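Engineer: My questions will all concern the structure given below.
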Amino acid sequence: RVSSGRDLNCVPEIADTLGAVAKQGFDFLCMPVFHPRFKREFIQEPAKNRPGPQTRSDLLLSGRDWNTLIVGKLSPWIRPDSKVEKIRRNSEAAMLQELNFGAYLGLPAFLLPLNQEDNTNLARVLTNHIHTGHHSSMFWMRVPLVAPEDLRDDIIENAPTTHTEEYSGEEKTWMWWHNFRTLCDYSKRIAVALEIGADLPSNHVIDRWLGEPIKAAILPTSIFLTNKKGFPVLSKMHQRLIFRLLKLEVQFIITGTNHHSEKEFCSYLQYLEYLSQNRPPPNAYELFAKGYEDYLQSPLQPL
Amino acid sequence: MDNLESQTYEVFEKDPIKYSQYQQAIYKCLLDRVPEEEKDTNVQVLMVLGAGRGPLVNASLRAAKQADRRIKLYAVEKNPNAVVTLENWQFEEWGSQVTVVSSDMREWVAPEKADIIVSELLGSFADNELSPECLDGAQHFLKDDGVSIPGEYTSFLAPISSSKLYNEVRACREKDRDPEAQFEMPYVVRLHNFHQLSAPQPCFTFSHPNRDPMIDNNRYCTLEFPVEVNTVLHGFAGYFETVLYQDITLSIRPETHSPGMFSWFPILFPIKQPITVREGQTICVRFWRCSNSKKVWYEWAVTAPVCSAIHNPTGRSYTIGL
Amino acid sequence: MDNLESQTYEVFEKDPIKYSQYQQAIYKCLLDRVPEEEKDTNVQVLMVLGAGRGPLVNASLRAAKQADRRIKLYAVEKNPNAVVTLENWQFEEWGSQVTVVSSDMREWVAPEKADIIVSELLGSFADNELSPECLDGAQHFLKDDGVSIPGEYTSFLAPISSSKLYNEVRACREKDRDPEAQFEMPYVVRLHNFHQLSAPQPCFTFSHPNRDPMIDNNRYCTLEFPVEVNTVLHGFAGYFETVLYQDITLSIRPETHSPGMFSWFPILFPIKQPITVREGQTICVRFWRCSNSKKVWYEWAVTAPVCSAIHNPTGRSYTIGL
Amino acid sequence: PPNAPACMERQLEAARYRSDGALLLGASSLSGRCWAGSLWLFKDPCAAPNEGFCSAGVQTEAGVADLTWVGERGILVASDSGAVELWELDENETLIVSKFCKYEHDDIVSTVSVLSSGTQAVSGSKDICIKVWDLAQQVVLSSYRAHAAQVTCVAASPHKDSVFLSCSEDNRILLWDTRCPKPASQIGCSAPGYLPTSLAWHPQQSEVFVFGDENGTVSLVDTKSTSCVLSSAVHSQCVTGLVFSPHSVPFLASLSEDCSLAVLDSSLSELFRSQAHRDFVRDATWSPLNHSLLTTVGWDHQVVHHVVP
Ligand SMILES: O=C(NC[C@H](O)CN1CCc2cc(OCc3cn[nH]c3)ccc2C1)c1ccnc(NC2CCC2)c1
Ligand SMILES: O=C(NC[C@H](O)CN1CCc2cc(OCc3cn[nH]c3)ccc2C1)c1ccnc(NC2CCC2)c1
Ligand SMILES: CSC[C@H]1O[C@@H](n2cnc3c(N)ncnc32)[C@H](O)[C@@H]1O
Ligand SMILES: CSC[C@H]1O[C@@H](n2cnc3c(N)ncnc32)[C@H](O)[C@@H]1O
């Protein structure tokens with residue numbers, strides 16, 4: 001009843017790894033298409049002429065597996081908006097390389113980070129990629145509810161966390177996304193993978209992401225509290241959000257290592273399945289309207 | 001101008017009849033180039049131009065075991081996504097025997113020259129996927145006495161009647177372009193509900209290598225079709241035959257169609273307005289192959305029994321990008 | 001990709017200030033390259049790249065008489081219609097001193113190497129008429145110690161407000177293309193009824209010859225414009241300065257505009273939607289120069305005070321053909 | 001080579017000399033079917049990278065981001081798996097057995113450093129977290145999210161278990177001191193400047209250290225001067241590592257992604273430059289046996305030895 005996958009930034013054997021996460025009860029796997037630490041040079045010899053292969057083979061999985069179970073991740077070293085000329089050009093080439101390889105495999109969706117404010121060059125490369133060739137892959141933009149800067153522990157003695165009232169400040173991750181999608185003239189193939197922190201923001205921020213195209217919600221293991229037995233669970237504030245996301249029919253992405261060491265990963269997932277099958281069951285109106293959700297109908301003259 | 005998707009390669013790798021035929025075209029070429037007295041002394045340098053994921057490379061290795069003649073392989077591929085797949089086979093299985101080259105064959109500066117060049121660049125209309133332009137640019141690294149597989153291919157046209165396919169084309173009109181554009185381009189199509197009005201005659205032919213000192217891949221060709229019923233012309237079905245080597249051939253020409261081979265469907269050159277044709281009359285169609293430095297395109301026209309407008313002048317509606 | 005009409009050449013031949021400046025740029029370069037002690041021994045080999053009907057050739061001959069230094073001239077022109085006009089001047093008047101070459105400079109294999117290369121490939125936005133790509137391809141036949149005229153050019157942008165020019169662009173919508181295409185391309189225009197909202201800042205610069213070992217003519221440039229009134233952004237005016245030689249320069253940048261020179265009008269990069277801007281706020285515009293092997297194009301976007309959509313992604317609306 | 005791996009992964013990541021003269025190699029597989037890593041001891045350093053003439057080797061679940069010696073038997077490993085691994089060397093120094101493998105980071109563990117005592121280590125990651133370990137107890141003592149971006153490099157002070165540097169993609173260079181209730185202190189030049197990519201504590205003064213930025217510039221910082229005393233444009237590209245020589249007046253070894261090695265005096269002036277590598281230069285250790293011999297490893301699988309004037 002709940003669609004949910006697993007984020008890993010580490011895959012030794014794509015055969016066994018995908019086999020494991022499916023045996024854990026997941027629907028799909030977010031993973032790298034190139035090794036995240038494997039930087040590539042595209043201009044300067046000798047690094048330029050590095051012998052291949054440049055990544056692992058597409059033969060290791062079936063088309064059906066590539067088309068359904070795998071979600072690409074842009075290598076984290078790719079920074080198209082660097083203020084360094086060389087890193088910019090290399091990340092420009094790296095991104096097309098990574099995105100093109102995703103098209104080749106025919107992945108249903110591909111993950112890209114929004115973790116700073118200026119993504120003007122990241123948007124352009126993607127915009128050129130979307131208008132270059134023909135495909136209907138999806139692009140999940142990884143945006144956090146709360147910027148990593150405003151989530152950091154107040155432990156830098158000579159640069160403290162300004163505690164003051166900040167209304168327009170604590171919304172800023174939304175202007176990150178809004179600026180990005182605007183540059184990409186509201187492409188239907190650009191959507192939101194909404195990353196959730198341990199600390200939620202004020203409701204007024206969670207009110208921004210109303211009306212936005214949320215395909216995914218990224219739950220790190222961190223945010224999960226433990227209960228009396230040892231089961232991992234969530235706050236009543238993180239539950240209120242899960243119930244609102246469920247209404248929007250989004251896929252859930254478990255990221256990061258196991259912190260409830262005694263129990264497996266199908267425990268994190270079990271809880272979501274628990275929350276899901278307990279939610280206020282669908283009423284009279286909502287049962288007849290099921291399917292018509294955000295479906296436009298031209299004006300018909302009854303005369 | 002665009003790279004093929006992994007799953008596209010996958011399907012076309014599964015046509016055994018096509019790769020049986022390519023295996024044999026080499027098998028017979030190996031034996032004719034290196035005598036039995038030279039079978040261990042002479043190693044043949046063999047280049048797959050457009051190697052893909054390497055079903056032609058594997059096939060060249062099967063041909064070597066069959067003929068028991070020695071060979072060295074280059075696998076030149078433009079699509080880097082495919083090259084990932086080659087370099088992974090190269091490491092795991094093939095080894096030093098197979099060099100891999102992530103390059104366009106028109107660009108690649110070859111370390112040595114080749115005995116045999118092996119490519120499958122043919123489209124449904126033969127030269128439409130630009131086999132001529134690619135091998136023209138890559139022949140200067142073929143040995144003076146070297147073979148091309150294929151050596152010869154020929155395009156074939158036949159007039160067809162299908163008010164069904166005429167609708168299918170008419171409905172391909174899209175906003176933000178010439179509203180007749182959909183008529184000035186060829187469609188690959190498993191022709192089904194149609195009427196072949198005359199026996200296919202050949203249109204264009206190409207030879208590899210190309211001896212002629214002033215190479216020119218542009219063509220003009222007048223074809224005349226006897227028509228022995230009343231009917232309405234809606235388009236022209238396109239097919240090809242190719243000589244891989246000697247008597248070994250692939251064909252989608254219905255008369256000589258290679259049995260069980262699904263790799264290629266027929267093409268279709270439609271016409272804007274359907275032309276009424278009466279028992280006894282001759283359909284006269286004209287076909288031009290045209291090119292810049294940048295793009296290659298077909299233009300075409302009907303001159304009998306009535307004149308059409310020239311389709312795709314300047315390649316305005318349809319060009320294939322070099 | 002297109003040849004200039006005779007009457008077009010005619011008008012642009014009649015800007016004396018532009019050809020005064022080119023005459024002098026050579027005059028000063030001649031004296032600096034051949035000492036007076038060498039004035040009869042050393043003959044300078046001088047190549048007009050894009051010679052046209054030869055006002056630059058005539059000007060090079062005037063520079064020689066001025067400096068009393070010896071020179072030999074090539075006049076390389078792609079437009080064969082113009083070449084008719086050169087070869088007729090060459091015969092009647094110039095004689096053996098002026099070689100004529102009916103060729104693209106990127107292609108021409110030069111008999112000898114050149115002291116000085118002289119070209120006027122500049123557009124209203126400097127590099128928009130592809131001066132970089134042409135001289136990049138033709139520099140390998142410039143002497144190791146050789147001069148380019150021009151040596152340097154720079155493009156300049158300034159935000160502008162004109163609801164008048166916004167209408168003129170909006171009305172450039174045409175059937176059979178993207179209905180916003182008219183906004184994703186630059187217009188040459190004698191700007192008149194408009195408001196410059198900030199001092200022009202420089203956008204892109206190019207140097208000739210190009211020393212850098214990995215040549216790359218693509219660019220990305222963030223510009224920030226202080227705006228000191230309330231207003232509505234409608235577009236960006238484009239201008240250029242160029243260093244022909246030393247202190248000799250042409251400019252259409254209103255501040256440093258070369259007096260009485262009508263050769264170039266300003267360019268205009270419009271935006272789809274007009275952006276409201278308030279006293280004190282910063283307009284932040286971004287400009288990319290992009291290229292294939294086939295075509296070169298600008299993309300652009302506004303990131304402050306609000307974001308625009310990226311204009312002309314893929315060069316879909318506007319490309320200049322190599 | 002009892003047990004061990006048949007073949008060595010293409011990408012050599014780390015290279016550290018013991019006090020004996022023995023050589024430890026970290027290697028990752030950054031391309032191909034299997035994305036793993038491997039540890040190797042070489043009692044003969046002129047034999048490496050050769051897999052046949054090694055004293056001991058072992059295969060890790062996953063590729064190795066950073067390495068470090070922990071005494072003479074202990075090896076500390078920053079895995080892609082998000083784990084920190086301590087591998088203890090054998091009795092006869094023939095095997096390499098896993099002592100602990102703790103999954104505490106939520107992303108690639110990007111850098112490890114041992115603190116002066118050799119009982120404690122600090123791990124930096126892409127999760128942005130920094131952690132302090134008890135290598136005896138096998139647990140996280142402290143967990144500090146100081147940064148707003150993935151942590152590039154952490155470097156323990158020569159002489160204080162309390163103190164260590166970290167540098168991140170958030171442009172911050174931090175000076176730590178676990179004894180303060182606000183440990184971290186942001187430091188560096190007058191300007192913003194390019195991202196920090198590498199950190200080398202000076203051997204004699206906890207006073208001073210050098211950091212390398214991504215624009216191939218090495219800079220020298222004095223902690224109390226709290227100002228960038230000196231700078232030089234050493235590399236055409238990102239500086240990935242800085243290693244001081246064991247010498248009296250110690251030389252600075254400088255690694256980069258421009259596939260070159262630089263060696264600089266106390267004033268950051270070019271003494272030696274080697275282009276012997278044809279892929280990213282990844283690590284450096286100087287021979288304790290011969291102070292003038294220097295060993296580098298690349299992604300070009302070359303284990304190179306240099307004589308330094
Ligand atoms: O006629 C078609 N397309 C036009 C094109 O010219 C035909 N060619 C055929 C050879 C080929 C070979 C490739 O590469 C092989 C390879 C290298 N390495 N690995 C594989 C790639 C494409 C094509 C398309 C067409 C389109 C859709 N379906 C069918 N029929 C099959 C669908 C199930 C019946 C045919
Ligand atoms: O700005 C314009 N066009 C953009 C273009 O980049 C500008 N360049 C100028 C130099 C030039 C020089 C040529 O060749 C000379 C030559 C060689 N041999 N013989 C002559 C040819 C074209 C251009 C256009 C443009 C368009 C219409 N009118 C005006 N202004 C004048 C009209 C009466 C005021 C300007
Ligand atoms: C099997 S379809 C032909 C194959 O050859 C490759 N190919 C097509 N044209 C060229 C070319 N000019 N140079 C190199 N490879 C090519 C294609 O990418 C494809 O893998
Ligand atoms: C005066 S406008 C520039 C002149 O140079 C010519 N020109 C432009 N580009 C080139 C080129 N690449 N090679 C030769 N001539 C050129 C044009 O046809 C025109 O006559």
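Chain labels A, B, ... are given in the sequence in which chains occur in the structure tokens; within each chain residues are numbered consecutively from 1, and ligands are likewise numbered from 1 in the order shown.
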Quick one: residues within 7 Å of ligand 1, with only C-alpha atoms and all ligand atoms, as a PyMOL selection string?
Structural biologist: chain B and resi 4+8-13+51-55+122-124+129+188+262-266
Engineer: Those selected residues, please, written with C-alpha atoms and delivered as a PDB file, in the first residue's frame.
Structural biologist:
```pdb
ATOM      1  CA  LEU B   4      21.236   4.592 -29.025  1.00  0.00           C
ATOM      2  CA  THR B   8      17.550  -0.599 -28.126  1.00  0.00           C
ATOM      3  CA  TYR B   9      20.965  -2.346 -28.605  1.00  0.00           C
ATOM      4  CA  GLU B  10      19.572  -5.301 -26.497  1.00  0.00           C
ATOM      5  CA  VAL B  11      16.674  -6.187 -28.930  1.00  0.00           C
ATOM      6  CA  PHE B  12      18.751  -5.815 -32.161  1.00  0.00           C
ATOM      7  CA  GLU B  13      21.464  -8.072 -30.601  1.00  0.00           C
ATOM      8  CA  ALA B  51      31.044  -1.806 -32.728  1.00  0.00           C
ATOM      9  CA  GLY B  52      28.047  -1.055 -30.413  1.00  0.00           C
ATOM     10  CA  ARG B  53      28.054  -3.466 -27.398  1.00  0.00           C
ATOM     11  CA  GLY B  54      30.163  -5.811 -29.644  1.00  0.00           C
ATOM     12  CA  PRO B  55      27.952  -8.529 -31.243  1.00  0.00           C
ATOM     13  CA  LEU B 122      22.546   0.358 -42.967  1.00  0.00           C
ATOM     14  CA  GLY B 123      19.087   1.875 -42.481  1.00  0.00           C
ATOM     15  CA  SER B 124      15.739   0.542 -43.838  1.00  0.00           C
ATOM     16  CA  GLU B 129      21.611   6.051 -41.620  1.00  0.00           C
ATOM     17  CA  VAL B 188       9.862   3.446 -40.778  1.00  0.00           C
ATOM     18  CA  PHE B 262      13.180  -8.622 -38.056  1.00  0.00           C
ATOM     19  CA  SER B 263      16.114  -6.088 -37.707  1.00  0.00           C
ATOM     20  CA  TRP B 264      14.639  -3.725 -40.402  1.00  0.00           C
ATOM     21  CA  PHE B 265      11.018  -2.746 -41.271  1.00  0.00           C
ATOM     22  CA  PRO B 266      10.274  -0.936 -44.582  1.00  0.00           C
TER      23      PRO B 266
END
```
Engineer: Can you list, as a VMD selection string, every protein, DNA or RNA residue that comes within 12 Å of residue A:36 when you count only C-alpha atoms, leaving out same-chain residues fewer than 5 positions away?
Structural biologist: (chain A and resid 8 to 11 31 55 72 to 78 94 98) or (chain D and resid 28 to 31 35 63 65 80 to 81 107 to 108 110 126)
Engineer: Name the residues of stretch 2-32 of chain D that come out as strand (DSSP E) in a backbone DSSP run; write them as number ranges by chain.
Structural biologist: D: 11-17, 23-28
Engineer: Would you mind listing, as an NGL selection string, all residues of chain D that have at least one atom within 12 Å of chain B, where only C-alpha atoms are what counts?
Structural biologist: :D and (31-34)
Engineer: Write a file of the just-selected residues containing N, CA and C atoms, as a short mmCIF file (atom, residue, chain, number, x, y, z; two decimals), in the first residue's frame.
Structural biologist:
```cif
data_model
loop_
_atom_site.label_atom_id
_atom_site.label_comp_id
_atom_site.auth_asym_id
_atom_site.auth_seq_id
_atom_site.Cartn_x
_atom_site.Cartn_y
_atom_site.Cartn_z
N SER D 31 35.88 1.83 -10.66
CA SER D 31 35.27 1.47 -11.97
C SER D 31 35.26 -0.05 -12.12
N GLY D 32 34.25 -0.59 -12.81
CA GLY D 32 34.14 -2.02 -13.14
C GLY D 32 33.08 -2.72 -12.31
N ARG D 33 32.97 -4.04 -12.46
CA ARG D 33 31.88 -4.88 -11.89
C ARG D 33 31.78 -4.66 -10.37
N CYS D 34 32.92 -4.64 -9.68
CA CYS D 34 33.02 -4.69 -8.20
C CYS D 34 33.68 -3.40 -7.69
#
```
Engineer: Between atom CA of residue D:222 and atom CA of residue A:161, what is the spacing in Å?
Structural biologist: 26.2 Å
Engineer: Which is closest to chain C among A:234, A:84, A:205, A:284, if we use only C-alpha atoms?
Structural biologist: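 Between A:234, A:84, A:205, A:284, the residue approaching chain C most closely is A:84.
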Engineer: Could you check the closest approach to chain A for each of D:15, D:121, D:64, D:262 and tell me which residue wins, using only C-alpha atoms?
Structural biologist: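 Checking each of D:15, D:121, D:64, D:262 against chain A, counting only C-alpha atoms, the winner is D:64.
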Engineer: Taking only C-alpha atoms into account, what are the residues of chain A at most 7 Å from chain B, put as a JSON list (two decimals) with N, CA, C and O atoms, in the first residue's frame?
Structural biologist:
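Below you can see selection10.json, which holds the result:
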```json
[["chain", "number", "residue", "atom", "x", "y", "z"],
["A", 52, "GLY", "N", 39.74, 3.24, -19.71],
["A", 52, "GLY", "CA", 38.42, 2.80, -19.24],
["A", 52, "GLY", "C", 38.51, 1.45, -18.52],
["A", 52, "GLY", "O", 39.60, 0.94, -18.32],
["A", 53, "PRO", "N", 37.37, 0.83, -18.12],
["A", 53, "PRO", "CA", 36.04, 1.40, -18.30],
["A", 53, "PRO", "C", 35.76, 2.58, -17.35],
["A", 53, "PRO", "O", 36.30, 2.58, -16.26],
["A", 54, "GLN", "N", 34.94, 3.54, -17.79],
["A", 54, "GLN", "CA", 34.63, 4.79, -17.03],
["A", 54, "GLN", "C", 33.62, 4.49, -15.91],
["A", 54, "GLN", "O", 33.53, 5.31, -14.98],
["A", 55, "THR", "N", 32.88, 3.38, -16.00],
["A", 55, "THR", "CA", 31.93, 2.91, -14.94],
["A", 55, "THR", "C", 31.63, 1.42, -15.13],
["A", 55, "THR", "O", 32.23, 0.81, -16.04],
["A", 57, "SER", "N", 29.28, -2.02, -16.05],
["A", 57, "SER", "CA", 28.55, -2.40, -17.29],
["A", 57, "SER", "C", 27.03, -2.35, -17.06],
["A", 57, "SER", "O", 26.59, -2.55, -15.91],
["A", 58, "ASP", "N", 26.26, -2.09, -18.13],
["A", 58, "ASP", "CA", 24.77, -2.06, -18.14],
["A", 58, "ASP", "C", 24.23, -3.49, -18.29],
["A", 58, "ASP", "O", 23.00, -3.66, -18.25],
["A", 63, "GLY", "N", 16.98, -4.71, -18.59],
["A", 63, "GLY", "CA", 16.19, -3.51, -18.95],
["A", 63, "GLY", "C", 15.06, -3.28, -17.96],
["A", 63, "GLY", "O", 14.96, -2.14, -17.46],
["A", 101, "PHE", "N", 24.18, 8.87, -19.49],
["A", 101, "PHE", "CA", 24.30, 7.45, -19.08],
["A", 101, "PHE", "C", 22.98, 6.97, -18.47],
["A", 101, "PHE", "O", 22.63, 5.79, -18.66],
["A", 103, "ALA", "N", 19.91, 8.14, -19.28],
["A", 103, "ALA", "CA", 19.06, 8.02, -20.48],
["A", 103, "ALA", "C", 19.36, 6.68, -21.18],
["A", 103, "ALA", "O", 18.39, 5.96, -21.49],
["A", 104, "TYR", "N", 20.64, 6.38, -21.41],
["A", 104, "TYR", "CA", 21.13, 5.11, -22.02],
["A", 104, "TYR", "C", 20.53, 3.91, -21.27],
["A", 104, "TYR", "O", 19.96, 3.02, -21.95],
["A", 105, "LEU", "N", 20.62, 3.88, -19.94],
["A", 105, "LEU", "CA", 20.06, 2.78, -19.10],
["A", 105, "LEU", "C", 18.53, 2.81, -19.17],
["A", 105, "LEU", "O", 17.91, 1.74, -19.04],
["A", 133, "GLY", "N", 17.87, 15.58, -27.35],
["A", 133, "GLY", "CA", 17.36, 14.20, -27.47],
["A", 133, "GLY", "C", 15.94, 14.11, -26.95],
["A", 133, "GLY", "O", 15.41, 15.13, -26.47]]
```
Engineer: Name the closest residue to residue D:85 among the candidates D:36, D:25, D:135, D:195; distances are taken between atoms, counting only C-alpha atoms.
Structural biologist: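 The answer is D:135, which sits nearest to residue D:85.
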Engineer: Step by step, measure atom-to-atom distances between ligand 4 and each residue using only C-alpha atoms and all ligand atoms, keep those at most 6 Å, then write them as an MDAnalysis selection string.
Structural biologist: chainID C and resid 3 49:52 76:79 104:106 120:121 134
Engineer: Restricting the output to N, CA and C atoms, write the selected residues as a tab-separated table (two decimals), in the first residue's frame.
Structural biologist:
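Result written to part22.tsv:
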```
chain	number	residue	atom	x	y	z
C	3	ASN	N	25.97	34.64	-48.07
C	3	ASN	CA	26.87	35.64	-48.73
C	3	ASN	C	26.19	37.01	-48.73
C	49	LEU	N	41.86	38.72	-44.22
C	49	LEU	CA	40.99	37.52	-44.07
C	49	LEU	C	39.52	37.96	-44.04
C	50	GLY	N	38.78	37.71	-45.12
C	50	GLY	CA	37.44	38.28	-45.35
C	50	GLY	C	37.56	39.63	-46.04
C	51	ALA	N	38.18	39.63	-47.22
C	51	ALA	CA	38.66	40.83	-47.94
C	51	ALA	C	37.49	41.63	-48.52
C	52	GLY	N	36.34	40.97	-48.74
C	52	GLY	CA	35.13	41.58	-49.32
C	52	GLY	C	35.39	42.03	-50.75
C	76	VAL	N	41.89	36.79	-49.00
C	76	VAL	CA	41.08	35.55	-48.82
C	76	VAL	C	39.62	35.96	-48.59
C	77	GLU	N	38.71	35.47	-49.44
C	77	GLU	CA	37.26	35.77	-49.38
C	77	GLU	C	36.48	34.48	-49.68
C	78	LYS	N	35.43	34.21	-48.90
C	78	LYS	CA	34.58	33.00	-49.02
C	78	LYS	C	33.50	33.26	-50.07
C	79	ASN	N	32.89	34.45	-50.03
C	79	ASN	CA	31.81	34.92	-50.94
C	79	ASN	C	32.36	35.02	-52.36
C	104	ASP	N	37.42	29.79	-47.89
C	104	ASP	CA	37.18	30.01	-46.44
C	104	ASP	C	38.54	29.93	-45.74
C	105	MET	N	38.85	30.89	-44.86
C	105	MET	CA	40.18	31.00	-44.18
C	105	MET	C	40.44	29.76	-43.31
C	106	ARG	N	39.38	29.16	-42.75
C	106	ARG	CA	39.46	27.92	-41.92
C	106	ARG	C	39.96	26.74	-42.76
C	120	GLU	N	37.77	42.22	-40.42
C	120	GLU	CA	36.69	43.03	-39.81
C	120	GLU	C	35.45	42.15	-39.66
C	121	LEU	N	35.59	41.06	-38.91
C	121	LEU	CA	34.56	40.00	-38.71
C	121	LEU	C	33.63	40.36	-37.55
C	134	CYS	N	36.59	31.84	-36.82
C	134	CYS	CA	37.25	32.09	-38.13
C	134	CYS	C	38.75	32.31	-37.94
```
